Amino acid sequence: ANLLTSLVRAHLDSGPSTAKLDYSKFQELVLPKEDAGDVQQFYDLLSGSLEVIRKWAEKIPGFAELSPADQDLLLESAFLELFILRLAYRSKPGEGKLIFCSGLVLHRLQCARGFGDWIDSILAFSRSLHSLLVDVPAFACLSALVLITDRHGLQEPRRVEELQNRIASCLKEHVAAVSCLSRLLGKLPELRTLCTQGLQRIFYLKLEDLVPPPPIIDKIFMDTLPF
């Protein structure tokens, strides 16, 4: 298919229109470590992608045909990595500009306190991703592949594999219709590492306990700790 087309439409609909960007809070300069407002903003930014990613996923053909327990596991396990990857692709690392799925635009310095060093690691991944010049159809497949992947505790792991195989096929085909490929999906391993830095940041913040995580983020955190 045609799957490609559904994948592209799912992606485009899950993000702001360039016309939809909000720069009312954007400030490149900052007068002059984290306080409770930085922490609450960190949780709010994360939180805003929760509903968005879920709706995006439901539009990936075959995802809603996975068991509902496998759907939830897949979503929870991939959430950070998806948040990071969609953010890296959407943002403008050359200007330190972060663009969130709501359309809100923030400078790196405005998020640094809440995010810690992770934001710099994310911006480094974003420059690298931008160097590959991943076109929208390739990215629509790649982001899907982050979600539809093997995980521990899947009820029907072969079906997840089948759907993954379908999306990988579609991607590889689109790449021909235009080495590059292996380069492209070598990004997925780096993405997992960045997910780890995110879990590390949430741990520190829970440790610190200025503002507690909201229940859904907290659950993602606890569920994804292999111990």
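Counting begins at 1, following the sequence as shown. Under this definition, the rigid core comprises the largest set of C-alpha atoms superposing within 1.5 Å between the forms.
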- line: Judged by RMS Cα deviation after a rigid core fit in 6 other deposited structures of this protein, the more variable of 38-46 and 23-31 is 23-31
statement: Counting residues of the deposited sequence that sit between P32 and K33 but have no coordinates, the total is 1 to 3
- prompt: How many residues sit between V178 and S179 in the deposited sequence but have no coordinates: none, 1 to 3, 4 to 9, or 10 or more?
  reply: 4 to 9
- line: As the entry reports it, the stretch among 195-203 and 169-177 with higher mean C-alpha B factor is 169-177
- prompt: Should the higher mean CA B-factor in the entry be assigned to 91-99 or to 73-81?
  reply: 91-99
- prompt: With respect to the C-alpha temperature factors reported in the PDB entry, which of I60, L66, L185, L163 ranks highest?
  reply: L185
CA B-factor ranking of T149, expressed as a third of its chain: middle
- prompt: So where's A140 on the chain's Cα temperature factor ranking, which third?
  reply: lowest
statement: So, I220's CA B-factor, relative to its chain, sits in which third? The lowest
task: Taking the values exactly as deposited, rank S126 by C-alpha B-factor within its chain and report the matching third: lowest, middle or highest.
output: lowest
message: Per the entry's values, where does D209 land by CA temperature factor relative to the rest of its chain, in the lowest, middle or highest third?
response: highest
